[PDB]
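Structural features, examined
Residues per chain are reported as follows:
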Amino acid sequence: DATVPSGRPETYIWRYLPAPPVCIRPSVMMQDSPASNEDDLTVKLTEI
Amino acid sequence: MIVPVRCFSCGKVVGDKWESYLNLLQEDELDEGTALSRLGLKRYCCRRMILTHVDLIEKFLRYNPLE
Amino acid sequence: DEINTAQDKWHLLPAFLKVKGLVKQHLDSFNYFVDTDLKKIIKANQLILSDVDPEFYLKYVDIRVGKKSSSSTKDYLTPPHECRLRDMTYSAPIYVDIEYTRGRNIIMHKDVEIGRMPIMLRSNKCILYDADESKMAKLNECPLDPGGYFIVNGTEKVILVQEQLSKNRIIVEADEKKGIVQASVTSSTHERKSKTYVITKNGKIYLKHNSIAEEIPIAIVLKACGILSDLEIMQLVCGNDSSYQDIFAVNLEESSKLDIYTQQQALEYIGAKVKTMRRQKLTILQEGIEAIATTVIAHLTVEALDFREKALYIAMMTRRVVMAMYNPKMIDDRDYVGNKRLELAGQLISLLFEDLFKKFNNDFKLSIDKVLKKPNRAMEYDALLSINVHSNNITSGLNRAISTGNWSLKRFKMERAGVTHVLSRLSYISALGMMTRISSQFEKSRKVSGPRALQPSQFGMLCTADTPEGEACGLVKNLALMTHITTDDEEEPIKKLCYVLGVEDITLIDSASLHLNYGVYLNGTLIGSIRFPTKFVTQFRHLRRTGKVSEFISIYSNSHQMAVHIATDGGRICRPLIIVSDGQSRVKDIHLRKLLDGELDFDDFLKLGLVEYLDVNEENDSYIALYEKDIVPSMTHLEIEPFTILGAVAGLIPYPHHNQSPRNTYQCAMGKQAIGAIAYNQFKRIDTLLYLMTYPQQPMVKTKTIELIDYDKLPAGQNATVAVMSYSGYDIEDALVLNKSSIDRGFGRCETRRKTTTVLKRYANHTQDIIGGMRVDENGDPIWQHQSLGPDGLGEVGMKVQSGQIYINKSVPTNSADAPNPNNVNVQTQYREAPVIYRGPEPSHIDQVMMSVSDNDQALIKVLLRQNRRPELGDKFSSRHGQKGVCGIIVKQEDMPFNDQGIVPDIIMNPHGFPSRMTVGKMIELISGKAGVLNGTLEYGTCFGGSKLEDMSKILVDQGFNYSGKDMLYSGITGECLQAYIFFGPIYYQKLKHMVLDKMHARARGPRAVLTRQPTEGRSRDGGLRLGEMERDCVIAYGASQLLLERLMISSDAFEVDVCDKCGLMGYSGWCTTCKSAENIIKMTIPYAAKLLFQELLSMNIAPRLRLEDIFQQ
Amino acid sequence: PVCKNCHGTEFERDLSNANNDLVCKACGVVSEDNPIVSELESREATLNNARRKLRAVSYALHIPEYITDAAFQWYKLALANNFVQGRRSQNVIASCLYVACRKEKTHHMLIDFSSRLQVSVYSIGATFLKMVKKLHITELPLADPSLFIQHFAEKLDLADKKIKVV
Amino acid sequence: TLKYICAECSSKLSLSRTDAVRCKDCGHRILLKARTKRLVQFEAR
RNA sequence: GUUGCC
Ligand SMILES: [Zn+2]
Ligand SMILES: [Zn+2]
Ligand SMILES: [Zn+2]
Ligand SMILES: [Zn+2]
């Protein structure tokens, strides 16, 4: 429907994508080494 | 490990009767039931304390750190 | 000493276990690996070659593990107990000899190191093989250790005896809604795992395969195998005068549909629709690729020219697919024991040795030609100096292959995980029960309770009273006491031998009478087509009884079909039985008297012809006999001993033939968690968490099982006085009351031992780790945290610790990741502290502290903690027949009953168990229990027999006690008699695990997780409980609407959110940050798990727009 | 780090009551409760190849691995000083590893590196001198010959009384 | 004092700090701390 | 994160 700014049907495919705040993807340190083993979700957003 | 110092059930001492019970076996070859009756374990609950006691200490001491 | 064969057959059962022990399957496979099986592998990957510079060749002449060929000393080796506390691998190096072209000429070189194999204890390549407790006393290892387990880099492990469905044979399958198939999985020993299937779509027989692009019907693939006359097709599969002609004749006209009619045209119908794996040469002939497509299929048989023996092997496979469509009674199950193949340790690590060894000599080949691609570097170069760089790939492959139980194979591309486990040193028999167990395959039949159930073809093969419950209730099984696993022998001599016994060849007989006659199946293939088998099969046994052929052969001969079977494949289960020829056995007690004199062991009995092994198939033809007083003149194979159906970990149950059948399985899960003793060297070892017990007792009523494995010589549990009665209400169901006095005299004082370890690490910039300590204050070094540091930093041995009070002081540098500046400027004070604190709810001691060095030189610190405790209430006592109990209350000594002589009963059970649980064995344990120590002799309560009851009552009544054990008592509370009598005496009670002080837990306001801010799971993670989803369903039926909100927002996960009104999505401290006005802000509170949904759901392109009303003015 | 009323600087983590809080000894105001525990491409390629080469020769020489990673730091900064270009890759790692052998003061003498590559000793020591001048190693321990005795005796197949002979 | 003892040599050696980890009078590489002389208190129950 | 057990 109309009467909202986002109601046009072109927004249902990607043109801009948001990046989630980093509390959702915490940089966990496994404490076996002084390098941080980063979770799965950053490197998916990094490679794109 | 070594023989317990008292009976579990009644409460008398069995610490002088362990090596004496062995001494009734190498010499004076005898039935083990009638041996302790000569030694004087009259009650029932004292008989089980020395019949079933595995003497584990005569195998631990051969593993000594002082050769 | 007048002996007979009536009851003294038992005295040969220990002769079977003396020379052939309890770890039979684990050691005798690894001993077959190291001696014979390694030469058969270098002979299959020899002569690595380089195409550049073609006159260079490295070939392997032999391979040895252990001793050299120069010095010819026994071995130079670290002892295993010296190895198991330094986190190293007990290994001996592998030596080969090689010859090659150095240059001007070829030279041979001896004793090259390539790797370091681990050796399991009590295998003959270790030091501990054939020791007489004098060398073993120097090596401080227990004589009673079972052996058969790796100790790879510290913690000790063992691989399990895994099994799968029988490869290289056939089954049948029956399905209602899908049509019926029959599987035939086969495995050539190189790079192939191929399985074939025969499907009946809508009334027509078909054939598919995982290398053909689509389905190819059945009349083609038999005309391609030579049988073309199209009357012989019906003549093989159907026979004559039956209904099989009416079902099968539909298939014959599809030959007329495709117009083939001959053996030439039959092949290229396949290769027209074969799926082409590209060999990158691909000179495909359109006649040659079909002959190989009729060669890489059903890899039991391969052919030279004639195709003929492969042809009717398909015809016998398609006979059973029309026998099943006639009636569904002909179906077989895929969990029958005859369709199971146990396969053991050393012939299973041999597969992993392939994929490493071929990975050795190809990267080593890739290092050769990288050097030989030089013009000047061609004349005097030697290749042996770059073998040490590729050497340890075998070692580091093998060590993680035992550590992490997952095997990355390549020639099968298969990923079996969970192949090893860490062995339980909690009890003695727990270290032996896990040595004999079987892990299944889990092919995702979780709905089918077929293999969850237990089949009757199991009597004496493997144990029936032992199986865990819960996560696996029928998929973990255990070997029986008398049990041997077969092994392959050979197959071409017996095929030559059966021809001699009067059988013909398949290439002479027409199929007009093979259905009239019988047929021998050697590993499932028809080779002889014999008639009159009962003359034939009895002449075959009589050669085996004299021992011309190997004894692991079975002559299963069924009659539902017209066939007989031969098996020689090895890896199947069997037990031995004594031969009974006629109405008299071949026992011959004059032989049995000569055994107790000692000159002939068990091995001589199978040489003369008095005993032979029987597998699960040969049980079906035989008519085995229980006892010698039940011989029929048509009756063979007397039972060697009837109580051999229970494994070595269920055998400690006394009189298991009286109690109920489920109340033996509930003890097999808990006998393996019994506190007791471990080994003779148990105060020496430094392992993770051991429970030790102060004053053990051997049990009162023994079994013939437990004197085979020396359970009495280091037992678990005491035998206290039990007077079964209700008392004081604290024993309602299976609780139990024991005095304050007898535990004070030393009844069941357990002892807990714990390891902790650190490693002093050397960093990049050459900075160590230091053990400095003992800071001072106000004339005194010892602070409240420093009463047990010692002068060396290692906390000194002998005194107690509490919460706080560190005991290994550890300091690490701060520049752990900086670049090394090549100078000496500022390294004087850089150590930040990081000690190790002792937590815990109870003060403990430290038992002994050692330090040593690891494989590569780093200092080790290993201190062992120690604490003991008195058995207060809450702890879990047991009864060895499956009657658990929490200690209800501890009362003083004067309150219990007391007999005429003054005996106070130790532990009181209420009588509310024996009717429901039907545990009559405990009631028979006590009658034999009271009589033994009064007579002064231990008594034998075995399985399927033992000390009888009627002669056991007489010795009780000769002393003055009751004839049924039921003595009278007085009351300790009030002084007079009891209106009823009390069943009375000693019962063997072992203490169990799961004591209460390491399960008491409480968390007020503790840690929160980093992602969702809830409390954190795990006791060592400082806990916090999960209020689940049906517990959310449990509250809602009460109609409660306030404590449900506080326990899901306020007490757990409260969070403060300021949110906007218009265009309603969240904002931070004082904004909206999408309409940057910061005016319409309304404060609320929501759970953190509701905020975090409202952000990651906004990360994809859907928006939770919030809308807000006020509460008031409804 | 600084309290809110008395401005103390020392905070003591009490761990007896499963709270693991933060509080000073002076007044007793908590700081924070509810703790939050956490449960060029060719430039990268040319050292990844150089990693395996240091991984290679450390295996054959029985080097304990805490020298290999330390020796990687020497090669990494000597990469920046334009020393590796032109010279042999199989040579320059041998001189690089040998420096970290003598900072650690091990038994490994230089010619054992020269043996398996089958080259002259004096070639490997030539680039060792031409390196050690360029990146200015000043401090460096002396090759004490006392190290070499107690390593020789193990391979010298002598009697059981191997401690009195050293 | 009465410092570290060997595993089977049972020879009292006091290692000076950051020097060695082995023992003398034997080629063995495991050292155990000898038990302290300070008075320790116990109950009798 | 993955397994073992009650
Ligand atoms: Zn007594
Ligand atoms: Zn807004
Ligand atoms: Zn303050
Ligand atoms: Zn020593």
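Residues numbered from 1 in each chain as written, not as in the entry; some residues may be left out. Chains lettered and ligands numbered in written order. Part of a larger assembly, values for the part shown. Heavy atoms only, no water. Residues with missing side-chain atoms left out of burial classes, pairs and counts.

The record names cryo-EM as the way this model was obtained, at a resolution of 4.30 Å.

A word on the packing of helix α14 (residues 346-371) of chain C against helix α15 (residues 392-403) of chain C
In helix packing, the relevant descriptors are the interaxial angle and the interaxial distance, both defined with respect to the helix axes. All names here are of chain C. Under the convention used in this document: Comment: axis = line fitted to C-alpha atoms, over the contacting stretch for helices; angle = value between 0 and 180 degrees taken between N-to-C directions. Helix and strand definitions follow DSSP, with helices as H or I runs of at least four residues and strands as E runs of at least two, each counted in order from the N terminus. For classification purposes, angles smaller than 35 degrees are called roughly parallel, those larger than 145 roughly antiparallel, those between 65 and 115 roughly perpendicular, and all remaining angles oblique. For any helix crossing, the convention is left-handed if the near helix is rotated counterclockwise from the far helix by under a right angle, and right-handed if that rotation is clockwise. A contact between two residues is defined here by any heavy atoms of the two lying within 4.5 Å.
Relative to each other, α14 and α15 sit at 155°, their axes nearing to 10 Å. In this view, α14 runs roughly antiparallel relative to α15, as classed from their interaxial angle. In this structure, the crossing between α14 and α15 has a hand that is right-handed. Contacts from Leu 352, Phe 353, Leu 356, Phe 357 and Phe 360 in α14 reach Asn 393, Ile 394, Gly 397, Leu 398 and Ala 401 in α15.

Details of the environment of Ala563(C)
Residue and element names in this part refer to chain C. Stated precisely, the cut-off is as follows: Note on exposure labels: buried denotes an accessible area under 20% of the residue type's maximum, exposed denotes more than 50%, and partly exposed covers the range between, all computed with a 1.4 Å probe on protein chains only.
Tracing the chain through its elements places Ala 563 in the loop between α18 (533-546) and β18 (564-566). On the accessibility criterion, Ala 563 (3% relative accessible area) is buried. Spatially, the C-alpha atom of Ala 563 lies 4.7 Å from that of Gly 519, the residues being 44 residues apart in sequence. Setting aside its immediate chain neighbours within four residues, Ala 563 contacts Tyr 518, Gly 519, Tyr 521, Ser 557 and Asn 558.

What about helix α10 (residues 263-272) of chain C?
Residues of α10(C) that are buried include every one of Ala266(C), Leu267(C), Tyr269(C), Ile270(C) and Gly271(C), and no others. Buried residues in α10(C) make contact with α6 (218-223), α9 (253-258) and α11 (288-293) of chain C.

Notes on unusual backbone geometry
Located in the positive-phi region is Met774(C), a residue other than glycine, with phi close to 60°. One non-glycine residue with positive phi stands out, namely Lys105(D), at about 60°. Within the fold, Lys105(D) resides in the loop between α3 (89-103) and α4 (111-116).

Let's talk about the pattern of salt bridges
All names here are of chain C. How we decide: Any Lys or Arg side-chain nitrogen located within 4 Å of an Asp or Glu carboxyl oxygen qualifies as a salt bridge.
Under the defined criterion, the tally for this structure stands at 35 salt bridges over all chains. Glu 156 is paired through a salt bridge with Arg 84; the nearest N and O atoms lie 3.7 Å apart. With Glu 156 in the loop between α5 (135-138) and β5 (157-159) and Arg 84 in the loop between α4 (80-83) and β3 (91-101), this residue pair connects regions lying 72 residues apart in the sequence. Look at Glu 156 and you get buried, because its relative accessible area is 8%. Residue classification places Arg 84 among the buried positions, given a relative accessible area of 6%.

Quick notes on the packing of aromatic side chains
Residue and element names in this part refer to chain C. The following threshold applies: Aromatic rings from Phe, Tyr and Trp, taking only the six-membered ring of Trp, are treated as a pair when their centres fall within 6.5 Å; an angle between ring planes under 30 degrees marks them as stacked, one over 60 as edge-to-face, and anything in between as tilted. Both a distance and an angle decide whether a charge sits over a ring: NZ of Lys or CZ of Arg must be within 6 Å of the ring centre and within 35 degrees of the ring normal.
One pass over the full model with this rule turns up 18 aromatic pairs over all chains. An angle of 70° between the planes, with centres 6.2 Å apart, marks the rings of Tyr 60 and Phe 357 as edge-to-face. Of the two residues, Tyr 60 sits in strand β2 (residues 57-65) while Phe 357 sits in helix α14, which places them 297 residues apart along the sequence. Here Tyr 60 and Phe 357 have matching classes, each one buried. A connected cluster of aromatic rings, assembled from ring pairs, spans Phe 30, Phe 33, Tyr 60, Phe 150, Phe 353, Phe 357, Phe 360 and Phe 364. Sitting above the plane of the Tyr 627 ring, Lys 629 keeps its charged end 5.9 Å from the centroid. Stacked on the ring of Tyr 666, the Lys or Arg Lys 884 has its end atom at 5.5 Å from the ring centre.

So, a nonpolar patch on the surface
The test is simple: Exposure above 30% relative accessible area and the absence of a salt bridge qualify a residue for a patch, where like charges join within 9 Å and nonpolar side chains (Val, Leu, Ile, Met, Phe, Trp, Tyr) within 5 Å. Only the protein chains shown count as cover for residues, and the accessible areas themselves come from Shrake-Rupley with a 1.4 Å probe.
A cluster of nonpolar side chains, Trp14(A), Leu17(A), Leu45(A), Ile48(A), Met1100(C) and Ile1102(C), forms an exposed patch at the surface whose accessible area comes to about 650 Å². One can find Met1100(C) in the segment after α29 (1093-1099). Its relative accessible area of 40% is what places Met1100(C) among the partly exposed residues.

Let's talk about the interface of chain C and chain A
To keep things clear, this is the line we draw: For any pair of parts, buried area is found by adding up, for both, the accessible area (1.4 Å probe) each one loses once the two are put together. N or O atoms within 3.5 Å of each other form a polar contact, as long as, within protein, one can give a hydrogen and the other can take it, and as long as residues adjacent in sequence are counted only when both atoms are side-chain atoms. Amino acids outside the nonpolar list (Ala, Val, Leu, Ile, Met, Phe, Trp, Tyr, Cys, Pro) and the charged list (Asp, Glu, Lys, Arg) are all regarded as polar, and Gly is one of them.
With nine residues of chain C at the contact, the number on the chain A side is eight residues. With both chains or domains summed, chain C and chain A bury close to 810 Å², and 64% of this area falls on carbon and sulfur atoms. Counting across the chain C and chain A interface gives zero residue pairs in polar contact. Split into classes, the residues belonging to the side of chain C that touches chain A amount to six nonpolar, three polar and no charged.

Concerning the sheet that holds strand β19 (residues 573-578) of chain C
All names here are of chain C. Here is the rule: We call two strands paired when DSSP finds no fewer than two bridges between them.
As summarised here, the arrangement of the three strands in space is β15-β19-β20, forming an open sheet in which the pairing is antiparallel. Both edges of this open sheet fall to β15 (484-485) and β20 (611-615), since each of them pairs with a single strand only. Where β15 meets β19, two bridges bridge the pair, whose relative direction is antiparallel. If you follow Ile 485 over to β19, its bridge partner there is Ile 573.

Some words on the interface of chain B and chain C
Contact with chain B, which involves 28 residues of that partner, is made by 43 residues of chain C. Taken together, the two surfaces of chain B and chain C that pack against each other cover about 3,000 Å², and 60% of this comes from carbon and sulfur. Per-residue buried area on chain B facing chain C is highest for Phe8(B), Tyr44(B) and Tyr63(B); these three make up 30% of the total on that side. Applying the counting criterion to the chain B and chain C interface returns zero salt bridges.

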